[PDB]
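Visitor:
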Amino acid sequence: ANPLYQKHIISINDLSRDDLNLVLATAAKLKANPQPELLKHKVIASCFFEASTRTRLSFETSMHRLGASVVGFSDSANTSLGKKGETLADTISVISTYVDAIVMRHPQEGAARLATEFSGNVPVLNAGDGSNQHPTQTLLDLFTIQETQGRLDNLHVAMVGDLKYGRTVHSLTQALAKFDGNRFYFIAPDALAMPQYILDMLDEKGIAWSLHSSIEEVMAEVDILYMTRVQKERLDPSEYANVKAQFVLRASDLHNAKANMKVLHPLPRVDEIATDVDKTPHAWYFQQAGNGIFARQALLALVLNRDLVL
Amino acid sequence: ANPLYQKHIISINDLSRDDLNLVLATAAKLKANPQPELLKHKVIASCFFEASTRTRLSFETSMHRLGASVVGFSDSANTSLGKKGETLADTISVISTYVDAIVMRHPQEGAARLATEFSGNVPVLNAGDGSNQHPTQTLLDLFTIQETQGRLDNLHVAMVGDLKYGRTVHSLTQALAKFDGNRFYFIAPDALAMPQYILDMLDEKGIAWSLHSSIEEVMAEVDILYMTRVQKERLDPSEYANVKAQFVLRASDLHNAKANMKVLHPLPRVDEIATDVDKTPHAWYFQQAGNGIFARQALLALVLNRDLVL
Amino acid sequence: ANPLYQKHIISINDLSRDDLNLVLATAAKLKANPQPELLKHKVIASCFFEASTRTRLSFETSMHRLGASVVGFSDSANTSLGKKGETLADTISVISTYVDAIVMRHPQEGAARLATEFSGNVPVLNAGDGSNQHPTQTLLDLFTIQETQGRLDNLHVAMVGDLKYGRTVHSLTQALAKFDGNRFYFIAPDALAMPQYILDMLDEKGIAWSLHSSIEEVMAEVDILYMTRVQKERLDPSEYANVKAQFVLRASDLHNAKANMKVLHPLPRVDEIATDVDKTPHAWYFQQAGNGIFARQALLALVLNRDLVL
Amino acid sequence: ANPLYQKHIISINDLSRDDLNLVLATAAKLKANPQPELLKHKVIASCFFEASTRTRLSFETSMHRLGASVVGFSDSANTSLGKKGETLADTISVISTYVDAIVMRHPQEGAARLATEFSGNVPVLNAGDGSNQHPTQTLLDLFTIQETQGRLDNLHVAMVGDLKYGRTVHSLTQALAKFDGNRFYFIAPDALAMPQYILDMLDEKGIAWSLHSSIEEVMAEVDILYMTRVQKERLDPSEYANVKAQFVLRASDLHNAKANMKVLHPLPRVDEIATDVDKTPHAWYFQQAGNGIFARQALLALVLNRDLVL
Amino acid sequence: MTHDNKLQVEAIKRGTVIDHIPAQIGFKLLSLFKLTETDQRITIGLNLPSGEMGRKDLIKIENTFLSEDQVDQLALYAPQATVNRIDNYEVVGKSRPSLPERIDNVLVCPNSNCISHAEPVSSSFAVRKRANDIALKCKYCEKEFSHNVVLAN
Ligand SMILES: N[C@@H](CN(O)N=O)C(=O)O
Ligand SMILES: N[C@@H](CN(O)N=O)C(=O)O
Ligand SMILES: N[C@@H](CN(O)N=O)C(=O)O
Ligand SMILES: N[C@@H](CN(O)N=O)C(=O)O
Ligand SMILES: [Zn+2]
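Residue numbers (the authors' numbering), protein chains in the order written: chain G, 1 to 310; chain G', 1 to 310; chain A, 1 to 310; chain A', 1 to 310; chain H, 1 to 153. A prime marks a further copy of an entry chain.
1) With distances taken Cα to Cα, identify the nearest neighbour of residue 318(G') among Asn126(G'), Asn260(G') and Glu221(G').
2) For ligand 4, which residues count as neighbours when the test is a C-beta closer than 5 angstroms to any heavy atom?
3) Distance, Cα to Cα, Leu142(G) vs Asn291(G)?
4) Going along the chain, which residues of the region 4-21 of chain G sit with their C-beta nearer than 9 angstroms to a C-beta in chain H?
5) Give me, in chain order, the residues of the same chain whose beta-carbon lies closer than 7 angstroms to that of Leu176(A'); leave out the 5 immediate sequence neighbours on both sides.
6) Using a Cβ-Cβ cut-off of 8 angstroms (strictly less than) and excluding sequence neighbours within five positions of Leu39(A), which residues of its own chain qualify?
7) Please report how far the alpha carbon of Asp18(G) lies from the alpha carbon of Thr138(G'), in whole angstroms.
8) Could you pull out every residue in the same chain whose Cβ sits closer than 7 angstroms to the Cβ of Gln80(H), ignoring the five residues on either side in sequence?
9) Hey, is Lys143(H) close to ligand 5, as in C-beta under 7 angstroms from one of its heavy atoms?
10) Between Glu50(G') and ligand 2, is there a pair consisting of the residue's CB and a ligand heavy atom that are separated by less than 7 angstroms?
11) Between the Cα of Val222(A') and the Cα atoms of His282(A'), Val230(A'), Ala28(A') and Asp236(A'), which residue gives the shortest distance?
12) Can you confirm whether the region 87-103 of chain A touches the region 43-58 of chain A when touching is taken to mean that 3 or more C-beta pairs between the two stretches lie within less than 8 angstroms?
13) Within the chosen definition, does the region 273-287 of chain A reach the region 235-253 of chain A through at least 3 CB pairs nearer than 8 angstroms?
14) On the DSSP letters alone, give me the boundaries of the beta strand (DSSP E) that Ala101(G) sits inside.
15) Does ligand 1 have a heavy atom nearer than 7 angstroms to the CB of residue 383(G)?
16) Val70(G): buried (16+ other C-beta within 10 angstroms of its C-beta) or exposed?
17) Can you list, in chain order, the residues of its chain whose CB lies under 7 angstroms from that of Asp129(A), leaving out five sequence neighbours each side?
18) Please classify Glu119(H) as buried or exposed, where buried requires at least 16 neighbouring CB atoms within 10 angstroms.
19) Return the bridge partner residues of residue 321(G') from the DSSP annotation.
20) Assuming contact is defined by CB atoms lying nearer than 8 angstroms, are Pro195(A) and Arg229(A) in contact in what I supplied?
21) For residue 312(A), which beta-bridge partners are listed by DSSP?
22) Taking 8 angstroms as the CB-CB limit, is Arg54(A') close to chain A?
23) Going by DSSP, which residues form a beta bridge with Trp209(G')?
24) Is there at least one Cβ from chain G nearer than 8 angstroms to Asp236(A')'s Cβ?
25) Counting only C-beta atoms, is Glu117(G) closer than 8 angstroms to chain H at any point?
26) Under a CB-based cut-off of 8 angstroms, is residue 311(G') close to chain A?
27) Under three-state DSSP, which class holds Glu204(G')?
28) Do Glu216(A') and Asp253(A') have their C-beta atoms within less than 8 angstroms of each other?
29) Can you give the Cα-Cα distance for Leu20(G') and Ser80(G'), rounded to whole angstroms?
30) Compute the Euclidean distance between the alpha carbons of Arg54(A) and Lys258(A'), then round it to the nearest angstrom.
31) Return the residues of the region 235-264 of chain G that lie within a Cβ-Cβ distance of less than 7 angstroms from chain A', sorted by chain order.
32) Check the Cβ of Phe145(H) against every Cβ in chain A' and list those closer than 8 angstroms, keeping chain order.
33) Which of the three DSSP states, helix, strand or coil, is assigned to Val43(A)?
34) Suppose you measure from the CA of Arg167(G) to the CA of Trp209(G); what does that come to, to the nearest Å?
35) Using the beta-carbon count (16 or more within 10 Å), is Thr61(A') buried or exposed?
36) Anything in the region 92-119 of chain H with a Cβ closer than 7 angstroms to a Cβ of chain A'? List those residues in chain order, please.
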């Protein structure tokens with residue numbers, strides 16, 4: 001069957017360029033020609049140990065669009081899981097006897113990988129494990145960039161905001177570094193700069209990257225403007241204000257932007273992108289969000305259905 | 001139609017040996033040959049007034065595996081039910097006009113029976129009502145024993161742990177006492193011994209049973225080792241420790257066990273069975289849990305579909 | 001000067017017969033002639049790590065009646081409590097530098113003794129530590145019996161209720177066993193009987209004791225009827241009610257009681273003593289509670305003031 | 001009469017060199033000869049809008065040791081608090097009519113200064129206002145250094161930990177910079193380094209300072225080792241641990257320390273000072289905390305009593 | 001019978017022997033690798049004379065051999081320690097602990113939020129040698145630290 005058949009989808013790093021291409025290819029296909037009965041008699045577990053509505057609704061919607069059945073929860077004190085000392089291991093050993101696939105979201109970093117060792121034959125798709133991995137988020141980002149730019153190589157990518165803790169941009173930076181000729185522009189306050197280990201990686205692959213203090217500094221060159229969330233709880237309230245400065249995007253900043261540029265954002269944007277931007281042709285965060293359905297549908301189709309789509 | 005058609009499934013005691021046989025027969029059948037469209041245009045209410053994730057996920061998974069639609073909740077302050085003085089009666093009178101069947105779990109002992117009096121024609125399946133009844137749990141246990149032992153009569157059954165409050169073992173003991181030639185071995189601390197009313201029943205049916213202080217005392221004879229949960233909140237913290245002694249199972253204890261013995265556990269086992277047991281061929285609690293799907297599927301099929309399975 | 005000056009009051013068992021007499025004698029003296037300025041310039045810490053309003057107010061009132069000042073907290077989840085980080089040791093090492101004495105209530109057994117190793121010449125009085133000790137409760141009990149019966153020897157003591165978990169009765173039994181010729185009557189449901197270690201102690205000293213199922217079996221010879229609280233959670237609802245029988249007290253039961261008998265209770269009597277008992281001359285639980293001020297004023301006086309009072 | 005009589009104590013920066021000396025001199029005098037009735041008929045409000053048990057008990061004990069009475073609340077979500085309606089202004093305008101002095105802790109920066117504009121000739125003492133000021137904490141720190149080192153000038157001060165957010169070290173640095181010839185050593189992870197505005201101040205006054213990565217780089221010349229608390233939340237778990245290195249203190253590290261060195265800490269030392277340090281003669285954090293009574297007794301004495309003490 | 005003595009202080013036979021273990025590292029290996037869970041005989045010597053100027057530990061455990069992906073596991077603790085197979089010197093290559101690609105069951109992830117801590121799984125770290133340092137990447141949380149971090153905590 002297809003290369004991802006019955007494979008656990010835990011980390012983006014475990015995904016080869018080939019894999020990414022196949023997932024993105026499938027995504028485009030299902031988008032063009034939906035297959036509502038593909039996974040008809042399948043039952044999928046949507047296990048959100050840590051709540052995350054949007055990601056959960058996107059994931060489950062994908063399951064339904066393929067015809068699969070869904071059961072699950074949101075352990076945010078809504079269930080009766082692991083009260084005293086009941087392990088994640090035992091939970092998986094149980095649930096893995098009920099369903100055909102487990103989609104899980106957990107607060108601890110290696111949850112999905114652990115699940116993998118107790119789910120015998122049942123595939124586990126990581127919907128997010130603490131500060132570590134979030135495979136499908138990266139896939140939907142790459143898909144959006146590819147669809148709006150027509151390729152994933154030789155692009156000018158700007159990433160703004162909290163580049164230090166936003167593991168969303170770490171995963172996306174590494175994903176794009178598996179393609180050639182990309183140039184990166186990193187805009188972030190000194191206290192939240194891209195980590196050195198990421199720059200080390202870019203250097204060793206000879207990829208070009210530069211630091212900048214403002215978006216306007218490179219607005220003219222950028223193909224993709226990736227806006228990130230800057231959590232208040234991070235810095236000091238006064239610290240934030242002093243830096244939020246322009247790591248905030250406003251319609252006015254797009255005066256000299258490329259006709260093809262798209263502004264992306266992991267989503268909760270309240271404090272980073274002004275609504276006046278929503279009207280411009282560059283705003284693509286809602287479309288980006290909409291693409292989560294195809295990337296996640298493609299992933300489920302690939303691991304649960306032997307042959308390729310069509 | 002079949003004897004259980006449109007029948008409420010509230011108490012194991014209301015189930016005749018014939019009934020148990022029919023449920024177990026159906027369970028094996030659906031296990032062998034799944035029927036994903038059996039209950040296609042049915043809508044089932046999954047009403048967990050009291051939360052219980054595993055039991056809920058098992059139950060709903062069963063509904064989907066048969067093709068039925070599911071709606072419901074977990075009243076653990078997640079809903080807006082009975083705020084001031086809104087009765088269970090009224091809740092049922094309402095919900096019973098929406099669905100084709102009600103699966104309910106409630107904190108009070110006669111909830112399911114009450115539901116029965118206000119659900120006109122709509123069948124109610126008790127998923128657990130306080131310290132009283134839990135029909136499907138017993139059915140899945142019996143099914144597991146039958147499948148692993150090839151019969152439900154003339155067996156050596158050991159029950160360890162909190163035999164006083166574990167209503168799981170009370171129901172299972174009574175269920176097995178409807179079959180012949182079974183011998184029971186009760187292992188529990190004096191403060192949590194099997195209740196006298198249960199022993200009275202065994203005596204009046206002339207069934208053999210004996211008390212023991214340790215598992216090793218009868219490990220050689222046992223066909224089924226039923227391990228129960230010992231809740232901390234029960235005894236005194238120091239009390240527990242002083243008795244937990246060996247009412248805990250470890251791989252080492254299985255040196256002289258019968259090749260056919262299976263170790264069962266209602267499930268939350270963290271504090272009773274050491275993980276090293278998980279590797280032995282005797283560990284059957286996860287398989288046991290997996291069987292909940294077939295026993296519960298069989299029950300739903302029987303009450304919602306006139307003719308027998310196939 | 002006095003034997004208890006500057007000593008830690010942690011366990012009733014560290015108190016010798018003479019200590020008990022000294023405390024009781026002091027209590028009577030302060031009751032007959034108050035000394036409102038005895039601890040005038042002292043500052044005492046009332047640290048209720050575990051909330052206990054009644055004994056807290058009793059303890060604090062005692063402090064004020066001797067003229068001392070009070071600082072403290074009922075950190076019952078309403079203080080910048082060590083976010084499960086700061087050790088009790090550190091808390092005490094800090095607090096012991098501010099005050100002259102520390103009265104503490106804690107959920108864990110051993111808390112007060114541990115504080116003792118970190119306080120600096122600053123005496124610690126145990127206001128209760130989990131299921132271990134409650135020194136002052138036994139003292140007020142002993143004081144109340146002595147005042148009403150004129151002595152603590154050659155008495156007929158009945159203890160009704162939860163004798164298994166009611167650690168106040170364990171302490172009171174061991175304290176009265178330090179006196180000669182006492183006779184005990186234990187009335188409790190078999191699931192909550194007096195612990196064998198207590199009976200062992202009594203046999204070791206040749207103290208006469210016996211078990212009874214109802215209070216009306218011994219009402220005729222009892223000098224002191226100590227009623228214990230029975231928390232339903234200690235048993236299941238159906239169990240509680242079943243045994244509830246007569247283990248509750250009501251006026252009609254005192255028809256043949258001795259003129260000198262007093263009915264005692266630690267409190268929270270909601271479910272054990274009917275209000276129609278309050279009017280009889282035997283009711284003495286509110287007077288008993290009122291004696292807490294004297295027994296605890298006495299301890300504070302002894303530990304913080306070198307010379308005896310009156 | 002005295003310079004601080006009836007003055008508001010809000011920011012350590014409003015305190016002149018002479019003020020600091022006066023407070024410290026008074027603190028030493030009260031420590032050598034207590035005055036239990038100095039504030040006899042005064043009534044002071046302890047208003048902890050934000051719970052802070054340790055500093056609250058320290059403040060309240062100070063009040064009682066001077067004979068004053070105390071009313072207040074640690075409205076840590078347990079008072080009929082202005083349901084996010086009543087302004088702090090109104091709260092103060094009411095409270096300032098009841099008492100003679102107001103000691104307040106608040107979550108927002110500026111709270112105490114705002115109270116100052118609504119209190120009526122009633123002095124307000126800031127017990128901490130968000131991330132701004134904590135006057136009395138700097139005073140006890142200064143007092144402890146003076147007592148142990150015999151002076152506040154010509155000292156070698158090392159500050160370890162979170163220098164970016166630990167506002168207690170910002171204040172202590174600015175206070176010690178009001179004295180001559182002091183030498184500073186800053187040891188902190190680069191992500192939590194001393195703020196540049198602080199270094200600017202030191203350069204402006206020609207004060208000698210330097211950065212170091214470990215305590216063992218300067219252990220030899222240090223007179224005062226001020227240990228700061230590092231809250232993991234300030235960084236991510238993996239980050240914290242990574243830097244944790246040596247920024248924690250343990251006995252073995254004090255092998256080459258100066259006989260006169262004292263190790264200080266605001267507290268909550270759970271994660272920075274190993275307990276094997278407590279026994280060395282250098283450990284002085286518990287004595288430091290104990291000096292809070294004297295420095296705060298001193299402030300209350302100065303602001304509420306016209307004439308100097310001793 | 002061919003064995004020939006009653007030596008309770010220093011002997012030999014069909015058994016593996018680890019050589020030149022730094023002081024205070026010998027017992028560590030006994031614990032970390034549960035080398036005493038054997039039924040086979042074991043003779044250890046600690047804080048004994050070294051290369052004419054120091055101190056060292058010595059471990060001799062009879063009737064048992066070590067492998068390549070095991071002796072290596074001593075690399076992070078006893079680097080310059082030699083391992084002479086002693087069925088009677090049937091050793092081949094200059095057996096010295098090299099850095100394994102993976103180190104399991106002994107290390108503890110410094111990351112407090114790592115799923116490995118409260119679960120029935122074995123620790124597992126990928127190894128990468130650094131200049132003046134050694135990087136260990138957790139199989140679970142995928143966080144990377146220096147052995148200096150992983151060995152302290
Ligand atoms: N996934 C987010 C919540 N969110 O926005 N969901 O759509 C979180 O858990 O932080
Ligand atoms: N049914 C259990 C919870 N659980 O383990 N559910 O799987 C209860 O309600 O106690
Ligand atoms: N009985 C309560 C204290 N309290 O307030 N009694 O009146 C306890 O033990 O926590
Ligand atoms: N440190 C706490 C107060 N407290 O109780 N300290 O012991 C705070 O800042 O809120
Ligand atoms: Zn890890």
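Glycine included, every Cβ here is placed at the ideal spot set by N, Cα and C.
Guide: This is what the structure gives:
1) Shown here, chain G' extends from 1 to 310; a query on residue 318(G') therefore has no answer.
2) Residues close to ligand 4 by the beta carbon criterion (under 5 angstroms to any non-hydrogen atom) are, from first to last along the chain, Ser80(A), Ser52(A'), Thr53(A') and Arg54(A').
3) The alpha-carbon atoms of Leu142(G) and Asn291(G) are separated by roughly 10 angstroms.
4) Per Cβ criterion, the list reads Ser11 and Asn13.
5) Excluding its 5 nearest sequence neighbours in each direction, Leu176(A') has C-beta neighbours in its own chain below 7 angstroms: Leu152, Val157 and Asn182, listed in chain order.
6) By the criterion of a C-beta distance shorter than 8 angstroms, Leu39(A) is surrounded in its chain by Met63, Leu66, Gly67, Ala68, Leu300, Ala301, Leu304 and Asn305, once the five residues flanking it on both sides are discounted.
7) Cα-Cα distance, rounded: 50 angstroms.
8) So the list reads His20, once near-sequence residues are dropped.
9) Taking non-hydrogen atoms of ligand 5 into account, the C-beta of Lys143(H) is found less than 7 angstroms away from one of them.
10) The closest heavy atom of ligand 2 lies less than 7 angstroms from the beta carbon of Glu50(G').
11) Closest option to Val222(A'), Cα to Cα, is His282(A').
12) Contact holds: three or more Cβ-Cβ distances are below 8 angstroms.
13) For the pair of segments examined, the region 273-287 of chain A was found to touch the region 235-253 of chain A: the number of CB pairs separated by less than 8 angstroms reaches three.
14) For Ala101(G), the enclosing beta strand (DSSP E) stretches over residues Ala101 to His106.
15) Missing from the structure shown is residue 383(G); chain G here goes from 1 to 310 and no further.
16) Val70(G) should be labelled buried.
17) Listed in chain order, the non-local C-beta contacts of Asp129(A) below 7 angstroms within the same chain comprise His106, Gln108, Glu109, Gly110, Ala111 and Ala112, local neighbours out to five positions each way being set aside.
18) Per the 10 Å Cβ criterion, buried.
19) The first residue shown for chain G' is 1 and the last is 310, placing residue 321(G') beyond what the model contains.
20) Against a cut-off of 8 angstroms, the Cβ pair of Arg229(A) and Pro195(A) comes out as no contact.
21) The structure shown does not extend to residue 312(A), since chain A spans only 1 to 310, so no value can be given for it.
22) Chain A contact via Cβ: present.
23) Paired residue(s): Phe184(G').
24) Interface residue, yes.
25) Answer yes: the Cβ-Cβ gap between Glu117(G) and chain H drops below 8 angstroms somewhere.
26) Chain G' is shown from 1 up to 310; residue 311(G') falls before or after that span and cannot be answered.
27) Per DSSP, reduced to three states, the secondary structure at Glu204(G') is helical.
28) Result yes, Cβ atoms of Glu216(A') and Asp253(A') sit closer than 8 angstroms.
29) Roughly 37 angstroms separates the two Cα atoms.
30) For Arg54(A) and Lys258(A'), the gap between their C-alpha atoms comes out near 52 angstroms.
31) So the list reads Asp236, given in the order they occur along the chain.
32) Near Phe145(H) (Cβ distances below 8 angstroms), the residues of chain A' are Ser238, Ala241 and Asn242.
33) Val43(A) sits in a strand when the DSSP states are folded into three classes.
34) Counting only the Cα atoms, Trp209(G) lies some 18 angstroms from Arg167(G).
35) With 16 or more other Cβ atoms within 10 Å, it is buried.
36) Result list: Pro110, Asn111, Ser112 and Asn113.
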